[PDB]
Amino acid sequence: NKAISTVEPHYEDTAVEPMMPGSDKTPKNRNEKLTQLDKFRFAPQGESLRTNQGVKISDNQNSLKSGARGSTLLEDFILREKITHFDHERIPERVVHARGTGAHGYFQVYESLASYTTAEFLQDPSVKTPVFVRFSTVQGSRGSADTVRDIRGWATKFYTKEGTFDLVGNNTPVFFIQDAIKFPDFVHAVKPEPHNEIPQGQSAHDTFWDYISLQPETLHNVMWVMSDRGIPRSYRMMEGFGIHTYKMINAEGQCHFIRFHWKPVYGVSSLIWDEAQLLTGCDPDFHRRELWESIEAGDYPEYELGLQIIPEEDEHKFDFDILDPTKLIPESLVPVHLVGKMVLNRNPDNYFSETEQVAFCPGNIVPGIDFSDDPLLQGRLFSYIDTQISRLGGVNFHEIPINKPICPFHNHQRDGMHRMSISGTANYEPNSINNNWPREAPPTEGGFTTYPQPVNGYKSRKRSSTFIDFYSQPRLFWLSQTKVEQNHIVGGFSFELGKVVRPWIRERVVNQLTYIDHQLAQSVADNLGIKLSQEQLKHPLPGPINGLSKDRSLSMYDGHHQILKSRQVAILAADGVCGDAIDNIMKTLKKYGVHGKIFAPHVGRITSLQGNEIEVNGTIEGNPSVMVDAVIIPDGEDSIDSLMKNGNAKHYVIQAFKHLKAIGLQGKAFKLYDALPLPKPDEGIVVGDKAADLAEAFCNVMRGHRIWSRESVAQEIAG
Amino acid sequence: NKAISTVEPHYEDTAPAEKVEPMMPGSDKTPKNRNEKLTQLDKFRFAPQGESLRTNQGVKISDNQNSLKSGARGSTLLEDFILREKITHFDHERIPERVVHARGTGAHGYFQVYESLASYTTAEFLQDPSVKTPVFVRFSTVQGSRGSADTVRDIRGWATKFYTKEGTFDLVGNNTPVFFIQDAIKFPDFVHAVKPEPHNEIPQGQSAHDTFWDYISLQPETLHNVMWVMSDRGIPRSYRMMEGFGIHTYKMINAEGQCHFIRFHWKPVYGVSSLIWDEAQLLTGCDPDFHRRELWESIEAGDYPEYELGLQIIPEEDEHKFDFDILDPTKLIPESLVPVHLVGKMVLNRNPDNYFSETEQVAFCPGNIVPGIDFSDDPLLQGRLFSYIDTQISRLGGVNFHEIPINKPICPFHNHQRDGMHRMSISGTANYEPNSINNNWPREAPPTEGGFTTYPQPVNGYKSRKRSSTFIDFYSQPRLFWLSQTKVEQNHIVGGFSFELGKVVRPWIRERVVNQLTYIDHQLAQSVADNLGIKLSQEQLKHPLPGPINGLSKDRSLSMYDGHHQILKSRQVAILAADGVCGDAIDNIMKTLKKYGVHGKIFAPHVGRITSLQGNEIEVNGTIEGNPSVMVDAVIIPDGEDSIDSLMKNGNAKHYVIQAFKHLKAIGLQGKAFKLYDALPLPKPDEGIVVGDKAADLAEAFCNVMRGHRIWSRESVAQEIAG
Ligand code: HEM
Ligand code: HEM
C-alpha cells in the first residue's frame, strides 16, 4: 500500500550542515549585483508543480499511455516538454578554462587613484563595487579534477557605475606565448591529443613537450607550472596577475603603464605533487568545495589589488619589453602598490545560471583604462566576445542576469537570438525622430576615448627583436627558488617528461634546459636516463636583468607568508577516545582559526571513554590525509587499539608523514606511530601527554606549512 | 641565430633524422583491419605530408608565427584575416557534451551472425553468416561530464551502431541487465538526482551525495539497479571484461509475421572481471583515462575486444508466465529461467583517426531499429525513442547530423527531406510524395519488399497516467541478486553502500536507505547500519522479505566470480627492476608471459634503459612512480642483488608490493627479491605469493595463480595492512 504510493502522485510532506545555495546560507552578505539578481530568484515553497506554460501537473510519475500497461501516447505534452527541456540542458563548455568555480563579493579602493586613472571604481573608497570571480584550471574539460598540475585562471568581473570591467588573469605573471596567432597551436599541443583524446588534465604527453621543445618562448611559464605554483593549495592561497601591460589614463590625459596583481590575504601555499595527484582521485572537487566551504565558514577569500606603475617615459628602460607577455616586471625593480581589497563572501544559488553562464573578456575595459600594444593582449580582445556567440547562444549574452551591468546600457543594437529587451525608439544614430537619444557622451562627461598613442612603422608580420629573449627570466626564476622549490621543479619536469613516449622530445626539452641552468638540466637528464654531452653542459647562460640575478618575490616559501588561519586538521578518533582531549584540541584549533575534523571508522557519533557522544565529520576511509593540512591523534585506550587494527588509519599516519605534514600524537597514540615503519619523530612529530599543550605546540609546527627537511627520508617510506 | 629562427616562419624539417610505440590513429597503426564503413570514411581523411599550410579558403600562409601589426612592435590590424580565421575556428571548437554518458570512448569493428536467424526475424544483418556487418561502439560512464574519470563507480554505457545494408541499427545498452526507473517521465528527476548538485556542481562522477540517495530512498523501484552498481559490477576492470544488455524487452518479427519477445545480451570472450573500490578510486587519480587507454592499446596490441551477441527469446504466448513483468526495465529475466542463446560475434579491431570527428559526433538512438525488430510497450523504452533524436538537434547542430560521416548509413537513403543547417547533399528531384514530375521516385516499399511495418499488437485500455500494478514489486529481484552473490561479493556490496552513504550529510537520508535495505535482506541492512552507526529497531529486523521468483532463490549467472570466467590472456604484469637486475630472469619471465599472452611491463626508477648485472641494456616501460600497482593485474620482482638493493631504498617500490598485496593481487618474487617482502610489514606468504629461485619455473606458477583474478582469501588480513 505504501509501496504502491511511491509510484502514485506525491501529495504529502516528505521531509554538521550541508553546502547550500548562497541565498540560504549567507543572505545577509549583499551587494548591488546580488540585489539585481533577486528578481530572477524562485521560491517554490507552497507552489504547485507546473509545465513551462504554467499548467499544474497532477501526476509526475507516469506517462500518458493507452492503459496502465499500454503504449505511450504522442499527445502527452507534459512528458514531451519535460524530456525536451532535459535533452537540451547542456551548452558548450569553454574552449579553455572549462573547469571552474564562481563566487560573489565586493571590492573597495583604499584611496582615490585619480592621479593615475579616471576609472570610477578606483575613485571613491566609500563605494563597494560588486564583483563576480571565476577560478579555473586551463587544460581540462568540465568534469576534470581540481588539483591537477596546471595554470589557474582568475577572472574578476567588476560591476562599476561607469561600466562592466573584466580583469581576466592567471595565477602566474607570464604567459607561454608572445603572439595571439600561436594560441590555437599552443592549446592544441597541451589539450588531449586528437586521435584518442588522452590525456585529461595533464600536460604530461608528447604533443605538449614537442611544442615546448620547438618554441623556447614558452620556457618561462613552463618553469612556473613545473614549480609548486602549478599545484596551489587553494584559490584563496595563490597570487593573481593580469599579465599584460595595460595603460592607465588620468584626468589630465597622462598615461602610466600598469600591471595588475592580486595578493592573497591568506598567504601563498601549494600542494606537493604526490599529494595533489592523490587528491584528484579522492576529491576531484577539492578546490571548488574548499572555496564554497570557506565562504560558508567565514574564512572569506581576501585579496589586495596591486599595481606596478611605470611612467610612459620609462617604457624602454628595462632589459626586457614590458609589452612582452612572457616577461615579468621584477618587484625588486618596480614595486607593487596595494591599492584596494576584494572580499569573496557569497556562493551562487545556481551553478549553471551564474558560474557556467558568466562571460568575461579583456576587451571589457572602462574609461580610465586602455590597452597596450602587447600582441598577445591584442588578439585576446577579438576572441572573448567571438567565443561567447556559440557558447551562450547568440549576441544577447549580456542580458543573461549574471552578465548584466548595474549601470544603464542604452544603444541602437537590436534583435539577435533570445532578445529580452523591448525597445520602442529609433534604432539608428543620428536620428531626429527621437531627438537622437541615446546620445554620444563627450570625453569630459565620461565617453570612452582611446589614448592617442603614436603609431609609426610598416604593415608587417614580424616578431619584435626586443621580444627575442627566452632564457633570462627562466634563469632568474630558477635562481630565486629555494632548494626544495628547485627540486620540485626538477620533479615536475622529470615526472612529465617520463610520460613522453618519443625519446627525442625528451632530449630536446632537456637541451632547452641547459640554456637556463646546467644543474637543472643535469638533474632532469639523470632522472630520464639522458647522457648530457659536454658541449651541452657548457651551453652559455643569460646575464642579469637590470643588475638582478634573484628576486625574492618569485619564491613562494621564501618570499611569501604562510597563514595558519582556515587550515584543516584531521582528528583520528574511534569509540573510546578521551573526550577531554578532543575538547581541548578543538578549543585550541579554534583559538587560531583552524578547523578540526573528526574522522572515525564509522559516521554518526562516536562514544568517548567518558560516555559522552561526539559527532563525527566523516570516515577515515572517506577522507584521506591528502584532504587535510595536518593530523592529530588524541589519547584513549579503546580508540588507539581500534585504529591500530585499521589499515587506513595506520596508512593515514604514514601518508601524512611522506607528505611532510605535521602529526600530533597524544599519550598512547604514540604507540601507533611506533608500530609503523617510520623513522623516529622529528620536528613535525609532536608528542605530548597534555592535550592543550600538545595542541599549542602542534599549531606552532603547522605555521611552517610542511617539514621540508623530512623530504629525503620521505622518499624511502613505503606509503 | 637559431633562437630568432623559432619566431620566424618554419620552412625546414623538424623531425629528428634516422640516427613501446606511441598510440596512433587507427589508419596509422592498423590500416589492414578494414570494413565497408571505414572505406566510406576514407573519402573524408587527409594526408598533409608535403602540403602547404592554408586558410580554410585555400590560401597559402607565409608567416604562422606573427599577427599583422603596424610595425614589428605595433598594433594588430583588423585586416589580418589569417589571424581572425584561425582564432575564430578555435573559439568555436566545442559543442555541447551528451547530457548523460558524456564521458565515452569509441572503436570501429565488425559483427558476424553465426547462423541465419530467419525463423525469428527478417533483420538483414542476422540472415547471412558470410557478411561482415561494420560496427562502431561507444563505451561510456553515465553521471560525469566529458573530463570525468574512467574508473568511477557508475553504470557503464555500451552503444553499438550496426551499419546494415537495410539500415543503420542502434543497440543502445548498459553493463547491467536492469535500469533504475520504470517510466521515462522519471528520467530527468533521477538524472538530476545523481548529477552534481545544482548549487555548487559537486560531486563529479559520484553518486555518493545526498540528492542521489534522497531519490533512492523515496523511489524503491531504483533498488535493483542500485544493488548492481554498489556491487563490483559498478567498477569494471576493462570494457573488454564486462557484460552488456539492451535491458528492454524488444520484439523480433520473422517473415511470417510471428512475434517473439527478446532481450539483447553481450557476453565478453575475455570474461567478466572487476576492480575493487580502493583500487578503482586510486586509479581515477593516477590515470583518469584508464579504460579509454586500455581499450585503445588492446586494439593496437591485437587483443581485440570480442563479444558474443546473445538473445533471450520468449514466445508471444509466454508473456505472462513470469513472477515479474517482462516489460518492466527494473526486472531481469533470470538466465536459469530463460537461457541466453549466442547468435553472433562482434570484434572491435580499429581505433578512430579523430576522436572528435568519430567518437564525439556519433549519434545513437534506440528508435533506430531495422525491419525485423520492433518495440515493446516497456514505458521506459517508449520515452527513450523521443529523446535520442531530440537531444541530437542541439548537440549536433541540427537535423542533418546523419550526414556527418560517422553517422551516415552505408545503404541508400533517398527521401523527400530537404534543407536544415549544414545540408551536405544536393537534391534535384521532387521534394514531395506523391509526385508525378519524377514518377514518384523515391517510392514506398511494400512490406514483402522490406518496407518497415509495425507488428499489429492489440491495444486495449483507457487513456491514463497510471503505473501498472504488475510493476509494483521492488524487492524480490534485489533479494535474488543478493542471495546469488558469494560472501566476498556480498561484502563488497556492503562496502559500496557504506562508503556512499558515508558521504551523505543529512542523516535521515542515510537511515531511510538502510530502512529500504531491511526489505531486501536483514543482514545486508544490519552490516550497512553498523558501518553508518545506525541502530536498527526490532520492527525493522522483522520486516517481511519477498519470496522466490518462479521457484528461484539464487541464479548463478548473477554472480560475477561464481558464474563467469576469468581470462588470463591480455592481462598486465609489473616487472620491478633497477640497475643490476638478473637479465636472464627478465628474459625467461617475458617469454613465459608471452606464452600465455600476458604483457610484462618493466618499471624502473627512471625511464630509458636499465643495465643488467650481465652488462646488457633493457628498455623500460616507464617509472615505478609513474605506473603504480593499481595499473596492473599482478606484480613480479626478478633477482639481482643490486636491483633489489635499489628497490628496497625506493619508497614507491616497497609500496608497490604492499599495495598489490592489499588489493589481493598475485605477487611473484625470485631469489633475493623475497628479502624485499620480508622487510615489509606483510604476513606469512599466502596462496597468492609465489616464491622461487628459478625464473621460468616461478613465472609458470605466477601465471597459474593469476587465473583466479584476485586472492579473495586474503581480504580479511588485507584490511589491517597499512595502505
Ligand atoms: C595572458 C594570457 C591569457 C590569460 C591570462 C588568459 C586568461 C583566461 C582566463 C582566466 C579565462 C577563463 C575565464 C572564465 O572564467 O570564464 C580565459 C578564457 C578564454 N580565453 Fe584566455 N587568456 C589568455 C590568453 C588567451 C589568448 C591568447 C586567447 C586567444 C586569443 C585566449 C582566449 C580565451 C578564450 C576563447 C577563452 C574562453 C572565453 C569564454 O568562453 O568565456 N586567451 N582566458
Ligand atoms: C534502459 C535504460 C537506458 C539505457 C540502457 C540507456 C543507454 C544510454 C547510453 C549507453 C547512452 C550513451 C550513448 C552514446 O554513447 O552516445 C545514452 C544516452 C542518452 N540517453 Fe539513455 N539509456 C537509457 C534510458 C534513457 C532514458 C529514459 C532517457 C530519456 C528519456 C535517455 C536519454 C538519453 C539521452 C538524451 C542520451 C544522450 C544521447 C546523445 O546525446 O546522443 N536514456 N543512453
# chains A, B, ... in the order shown; residues from 1 in each chain; ligands from 1
call {"tool": "residues_near_ligand", "arguments": {"ligand": "ligand 1", "cutoff": "6 Å", "atoms": "only C-alpha atoms and all ligand atoms", "output": "mmCIF file with C-alpha atoms, in the first residue's frame"}}
result
data_model
loop_
_atom_site.group_PDB
_atom_site.id
_atom_site.type_symbol
_atom_site.label_atom_id
_atom_site.label_comp_id
_atom_site.auth_asym_id
_atom_site.auth_seq_id
_atom_site.Cartn_x
_atom_site.Cartn_y
_atom_site.Cartn_z
ATOM 1 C CA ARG A 94 34.537 26.956 -22.529
ATOM 2 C CA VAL A 95 37.277 26.115 -25.106
ATOM 3 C CA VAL A 96 39.874 26.796 -22.350
ATOM 4 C CA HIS A 97 39.328 27.024 -18.552
ATOM 5 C CA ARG A 134 35.569 32.595 -11.579
ATOM 6 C CA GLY A 153 42.671 31.144 -14.413
ATOM 7 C CA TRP A 154 41.458 34.086 -12.334
ATOM 8 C CA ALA A 155 38.667 36.195 -13.846
ATOM 9 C CA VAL A 168 40.889 38.211 -16.837
ATOM 10 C CA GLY A 169 44.169 36.897 -15.427
ATOM 11 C CA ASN A 170 46.105 33.790 -14.329
ATOM 12 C CA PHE A 175 52.203 33.516 -20.318
ATOM 13 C CA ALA A 180 47.945 35.548 -30.165
ATOM 14 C CA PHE A 183 47.311 30.403 -29.143
ATOM 15 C CA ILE A 243 49.987 39.568 -17.094
ATOM 16 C CA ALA A 359 31.133 35.776 -19.673
ATOM 17 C CA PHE A 360 34.458 37.633 -19.164
ATOM 18 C CA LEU A 376 49.063 38.614 -27.092
ATOM 19 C CA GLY A 379 44.494 39.041 -30.083
ATOM 20 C CA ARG A 380 42.655 38.215 -26.850
ATOM 21 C CA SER A 383 38.470 36.204 -29.035
ATOM 22 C CA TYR A 384 36.361 36.622 -25.889
ATOM 23 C CA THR A 387 33.629 32.688 -28.435
ATOM 24 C CA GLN A 388 30.515 33.652 -26.397
ATOM 25 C CA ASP B 91 36.917 29.912 -30.494
#
call {"tool": "select_by_dssp", "arguments": {"residues": "stretch 354-523 of chain A", "states": "strand (DSSP E or B)", "output": "PDB file with C-alpha atoms, in the first residue's frame"}}
result
ATOM      1  CA  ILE A 369      41.970  52.115 -18.542  1.00  0.00           C
ATOM      2  CA  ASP A 370      43.292  51.414 -22.044  1.00  0.00           C
ATOM      3  CA  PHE A 371      45.126  48.686 -23.962  1.00  0.00           C
ATOM      4  CA  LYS A 459      52.444  46.856 -42.117  1.00  0.00           C
ATOM      5  CA  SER A 460      54.182  43.558 -41.444  1.00  0.00           C
ATOM      6  CA  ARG A 461      54.096  40.149 -39.815  1.00  0.00           C
TER       7      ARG A 461
END
call {"tool": "residues_around", "arguments": {"residues": "stretch 308-320 of chain A", "least_positions_apart": "6", "cutoff": "8 Å", "atoms": "only C-alpha atoms", "output": "PyMOL selection string"}}
result
chain A and resi 255-261+327+334-337+466-467+469+545-546
call {"tool": "residues_around", "arguments": {"residues": "residue B:196", "least_positions_apart": "2", "cutoff": "12 Å", "atoms": "only C-alpha atoms", "output": "ChimeraX atom specification"}}
result
/A:142-143,285,350-352 /B:143-145,148,190-194,198-212
call {"tool": "residues_around", "arguments": {"residues": "stretch 572-581 of chain A", "least_positions_apart": "3", "cutoff": "6 Å", "atoms": "only C-alpha atoms", "output": "VMD selection string"}}
result
chain A and resid 584 599 to 600 606 to 609 633 635 to 636 638 to 639 691
